[PDB]
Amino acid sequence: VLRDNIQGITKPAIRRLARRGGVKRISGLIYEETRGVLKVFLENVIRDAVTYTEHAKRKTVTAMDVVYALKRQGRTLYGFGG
């Protein structure tokens, strides 16, 4: 049952996310819109983290690589070091 990775972000899980966000009713097109958006977000952050990974000459993306990339994208995260 070959399935895309982005599709592993499923309807019910997007629907939960929305609920945490206070959303009551959701149109069928939201799920595909949401995946597009999540992909863009992960591209942007991962690119930066990986660029830190490469700079330090590692093969392993660290929590610090991610944290530092979140910081420069204006998405400071507390909880994972730094």
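Note that residue numbering follows the sequence shown and begins at 1. Only the largest set of C-alpha atoms that superpose within 1.5 Å between the two forms is called the rigid core.
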Legend entry - Stretch with greater C-alpha deviation in 4 other deposited structures of this protein, 5-13 versus 58-66 (rigid core superposition): 5-13
Inset, instruction - Please indicate which stretch deviates more in 4 other deposited structures of this protein: 67-75 or 14-22, judged by C-alpha RMS distance after a core superposition? - result: 67-75
Legend entry - Mean C-alpha B-factor comparison - 69-77 and 55-63, higher one: 55-63
Inset, instruction - Just say lowest, middle or highest third for the CA B-factor of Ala13 relative to the other modelled residues in its chain. - result: highest
Legend entry - B-factor third for the C-alpha atom of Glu32 within its chain: highest
